[PDB]
Structures are given as C-alpha cells and as structure tokens.
A.B. asks: 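Before anything else, here's the structure in question.
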Amino acid sequence: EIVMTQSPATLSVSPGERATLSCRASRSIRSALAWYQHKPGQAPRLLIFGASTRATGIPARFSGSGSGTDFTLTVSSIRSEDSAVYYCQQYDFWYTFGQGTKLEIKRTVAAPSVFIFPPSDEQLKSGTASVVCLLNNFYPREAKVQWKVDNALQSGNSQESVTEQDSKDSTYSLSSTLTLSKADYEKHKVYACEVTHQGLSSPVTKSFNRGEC
Amino acid sequence: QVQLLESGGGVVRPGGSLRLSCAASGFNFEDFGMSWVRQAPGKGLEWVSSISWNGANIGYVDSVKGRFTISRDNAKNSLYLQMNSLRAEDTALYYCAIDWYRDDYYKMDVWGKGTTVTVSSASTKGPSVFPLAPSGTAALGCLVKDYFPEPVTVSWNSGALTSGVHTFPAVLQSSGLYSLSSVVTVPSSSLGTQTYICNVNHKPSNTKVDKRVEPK
Ligand SMILES: OC[C@H]1O[C@@H](O[C@@H]2[C@@H](OC[C@H]3O[C@H](OC[C@H]4O[C@H](O)[C@@H](O)[C@@H]4O)[C@@H](O)[C@@H]3O)O[C@H](CO)[C@H]2O)[C@@H](O)[C@@H]1O
C-alpha cells in the first residue's frame, strides 16, 4: 500500500501571507496527485488534480506542483475562509489520502465576550442542573475558565467545548458546562464563571444568584 | 444541483453488519465510477472502496477486504456498501463520491453529505432540549443533553437565523451520553420583538424538537 506523508501537521498563518504544504508518496505516483480542502461541517472540495491543475472554480492563489514522490501546494493571499484541513490524495493506483494539514488563520488578538446561563426550571425537573458559561468570539484559542460556587473553587464537574475556527472572522468560541445535581444546586446561592485570556486586562467573572431575576 | 445522498447509517453491534446506500441525481450515474470515503472521529479522510462506471474494476482498502462489498444499480441510480463484521475502526461518517468519468479521467468533484455509522453495543437515546435564556448584545441558546449516538443538527428559526450562531461540538459525558449547546448572539433591543426558536433534530431516535428561548 502507498503511504502518503503530509507536513507540516498544523499551520497558523495570517491573512494575506502564503503557506506551502508538502506531500510525499512512498513510491512514485507520477502526476496522479490531488489536493482537497475540507472545511469542518462541509464535504471535501477538490482543489487540484494532476499535481498542478486547478479544479473548476478554484482561484489562481491555489498553486500545486510536483511529480513522482514529492509534491507541494502553495496557498497565497490567505483569507479567513481558508481555515480548513488540506489533504493530498494519490490516484495512480486506487486512492490514498495523506493525514492532512490543519490550517488556522492567525488573526489579531480578540478578547472573549462572557455570558453565564443558569439552569432552566424545566431541567431542574429532571434532577440535574446544567450551568453554562459562554466565551464568545475570541483569539487565540487558549483560555482558562474557573467555576466558583459560593466562592468555592470547583474541580472535576465541568466540561469544555470549543468551536472550529469561524470562517468569516477567524475567532473561536468556548462553552464550559457545570453539572450538578438538583439537590447540590439548590444548596448554594452564588454561581460564578471566571475567564482568563490574553486579550483581557484582568480575569473576567460573570455570576448570578440562584433564584434572582 | 448535482447530488449524492447517503443513507443507511446507524448503530450496530461490533461484529454486526449494515448496508449503506447512496442515491445519485442530476447526472448520468452510469457514466461515473463511484467511491466510498470515510472519516473516523478525530481522524482524516480514508478511501474505502471504488467501483468503476461499468463495474469492470473494483477496489478495496486492505483493512476492509473480505468484510465490505461495494456494488451499484444503474437502473436505480444507486451505490451500495455491504459492511460485515463491523469493528470500532469502522465508526465514521461515510461519504460517497464520483471518482472517474468512465475510464477517461479522474473527476471526483461531486460528494455527498455523509451518513454516520456507529459501532456500539449501547442503546439509542433521544436528547432533551433546554433553553439557555438571555439575561447592547444578548446571548441565548439551547442545551441539547443526553443523547446517543452522534450526531444532532441544530438550526435557528428554521434556518432563517444563521449569523452569530455557534453550535458546539458534542462532549461525551461520564454517563456515556453526548451533550452539546447551540448559542447565538442577537441585538439586545430585539429580545421582546423577535422570536427565537432552536430546531433540534436527532435522526437516529426520530426526535425533532422546536424550543422557544425567551427572557426569564
Ligand atoms: O478506470 C477508472 C476506474 O478504475 C478504477 O481506478 C483505476 C484504478 O486501477 C488500479 C489498477 O486496477 C487495474 O487492475 C485490474 C484490471 O485487471 C482486470 O482485467 C480488470 O478488473 C482491471 O482492468 C489496473 O489497470 C490499475 O492499475 O486505480 C486508478 C484510480 O485513480 C484508476 O486507474 C476506479 O476507481 C475508476 O472508477
């Protein structure tokens, strides 16, 4: 079986610059090499076939070259919409994808907008309380969220989720969900979400008092 | 437009079997070779199998030889994949795609949306949908909790509201069930005027929920 090796694994490049992606086959595939763009939530999109031929509708800023075992894709005038995983694929003898290169768009720093949501009364009927903290439209991806319940620091009862990079503004968003039993939730008053991020002058706390407003 | 539509995914026990289908429309199905391509969770695209336009050339990735069988029915404009002796590594989204136009040239620029195959002993469970109620810019959303397996789809106002929407990837809870939230930022002044409804669909358990998110 042919082994396709792509490098680098990940890439972080600012809008307007250019990036070159490399693909190697373990044996010669002649010119039967294709490049694909795969945005999260969409089907793969063919960019290049024949090592160097742009597919229909692909702009000239996608440039492919190579022959035999060594191939490159160069993407210039990079835009926020280019945030995706890029794969090569040999089709000289059936088909084999490389492991892909994940391209992140290095926009400027953006601080999170923080929101906290108390459990709905409907959920409390089930015997569980989910407290959700939202960190909206921030960059870079790294952020720390700490939960405080009546000023007591929480640990082990939260779970985080991060969106894929936004194709329009290149930000991320993050949710932290604090899960407690209804009984534990009704024992305390102050539920706080504290957010740390390089775009914030000091850690931001959003909180609510159980049963108010 | 030109279209490929996969179906047949679902939950199957390890060692079990499943048949996927792929319906083509908008082109001469009989002119094109077809491939199945899968993406396992957290992994890259992997070519699985191909059958040429006239069925004369059929190929399989080594790890599915003897387990999977690809076939086509040109009269029904349909491609099939019989998947036997399912393993955990078969858990994936399964795409169909054209590959070649006859034996003339590689094309492979038409892909489906994928159907999800989950190899698990666990039971199917539909989600509960709870409101994330608002308190210049306001945030609101829906909590889609305790479902299995993946995925669920979330829209807002039946797809009319798209700007500012963030639907988070699901997290696996310690219970073995999945949970996610979908949020949206909206103008704070429109809270009393505009109606906000999340539309949650979990096909594996035939659960469709429309939840109204209102200020408390
Ligand atoms: O022609 C397009 C159609 O073919 C497949 O893709 C080709 C595929 O070939 C790999 C090798 O398979 C062939 O070997 C079998 C040969 O012998 C028997 O007589 C027949 O079954 C068959 O003709 C050999 O010719 C090839 O080297 O790999 C490439 C994929 O890009 C194609 O050349 C299908 O994928 C495609 O629909």
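When reading the values below, keep in mind they use all heavy atoms of this one structure, side chains included, and skip hydrogens, waters and symmetry mates. Letters A, B, ... are given to chains in the order of the sequence lines, protein chains preceding strands, and every chain is numbered from 1.
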A.B. asks: May I ask you to decide whether A:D121 forms a salt bridge with B:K216, counting only side-chain N to carboxylate O separations under 4.0 Å?
C.D. replies: yes

A.B. asks: Tell me, for A:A55 versus chain B, whether the close heavy atoms (under 4.5 Å) come from the side chain, the backbone, both or neither.
C.D. replies: neither

A.B. asks: Could you give the distance from CH2 (A:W94) to CG (B:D62), rounded to the nearest 0.5 Å?
C.D. replies: 12.0 Å

A.B. asks: Does atom CZ (A:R30) have a neighbourhood of more than 12 heavy atoms from anything else shown, all under 6.0 Å?
C.D. replies: no

A.B. asks: Drop me the distance from A:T177's OG1 to B:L180's CG, to the nearest 0.5 angstrom.
C.D. replies: 9.5 Å

A.B. asks: When you measure from the side chain of A:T163 to the backbone of B:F168, do you find a donor-acceptor pair of N or O atoms at a distance under 3.5 Å?
C.D. replies: no

A.B. asks: Give the ring-plane orientation class for B:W47 versus A:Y95, where under 30° counts as parallel, over 60° as perpendicular and anything between as tilted.
C.D. replies: tilted

A.B. asks: Is any side-chain N of the basic residue among A:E122 and B:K211 closer than 4.0 Å to the acidic one's carboxylate O?
C.D. replies: yes

A.B. asks: Please classify the contact of B:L93 with chain A as side chain, backbone, both or neither, using a heavy-atom distance under 4.5 Å.
C.D. replies: neither

A.B. asks: Between atom CG of B:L132 and atom CD1 of A:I116, what is the distance when rounded to the nearest 0.5 Å?
C.D. replies: 11.5 Å

A.B. asks: Would you please go through residues 182-196 of chain B and name the residues with a non-hydrogen atom below 4.5 Å from one of chain A, in numerical order?
C.D. replies: B:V183, B:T185

A.B. asks: Which one wins on heavy-atom pair count under 4.5 Å against chain B: A:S161, A:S126, A:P40, A:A32?
C.D. replies: A:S161

A.B. asks: Measuring heavy-atom distances to chain A, does B:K107 have an atom under 4.5 Å in its side chain, in its backbone, in both, or in neither?
C.D. replies: backbone

A.B. asks: Would you compute the distance between atom CG of B:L45 and atom SG of A:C88 and round it to the nearest 0.5 angstrom?
C.D. replies: 11.0 Å

A.B. asks: Going by the angle between their ring planes, with limits at 30° and 60°, are B:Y106 and A:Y91 parallel, tilted or perpendicular?
C.D. replies: parallel

A.B. asks: Taking the side chain as every heavy atom from C-beta outward, state whether A:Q123 and B:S128 have any atom pair closer than 4.5 Å.
C.D. replies: no

A.B. asks: When heavy-atom pairs shorter than 4.5 Å are enumerated against chain A, which of B:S181, B:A138, B:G59 gives the highest number?
C.D. replies: B:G59

A.B. asks: With heavy-atom distances below 4.5 Å as the criterion, would you say the side chains of A:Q89 and B:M108 are in contact?
C.D. replies: yes

A.B. asks: Given a strict heavy-atom distance threshold of 4.5 Å, which part of B:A133 is in contact with chain A: side chain, backbone, both, or neither?
C.D. replies: backbone

A.B. asks: Where does A:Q42 contact chain B at under 4.5 Å (heavy atoms): side chain, backbone, both or neither?
C.D. replies: backbone

A.B. asks: Do the non-hydrogen side-chain atoms of A:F117 and B:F130 ever get within less than 4.5 Å of each other?
C.D. replies: no

A.B. asks: Less than 4.5 Å to any heavy atom of chain A: does that hold for the side chain of B:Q39, its backbone, both, or neither?
C.D. replies: side chain

A.B. asks: Enter the distance from B:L172:CG to A:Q159:CD here, rounded to the nearest 0.5 Å.
C.D. replies: 7.5 Å

A.B. asks: For the NE2 atom of B:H166 and the CG atom of A:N136, what is their distance to the nearest 0.5 Å?
C.D. replies: 4.5 Å

A.B. asks: Can you say whether B:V37 sits under 4.5 Å from chain A via the side chain, the backbone, both, or neither, judging by heavy atoms?
C.D. replies: side chain

A.B. asks: Against chain B, label A:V85 side chain, backbone, both or neither, depending on which of its atoms sit under 4.5 Å from a heavy atom there.
C.D. replies: neither

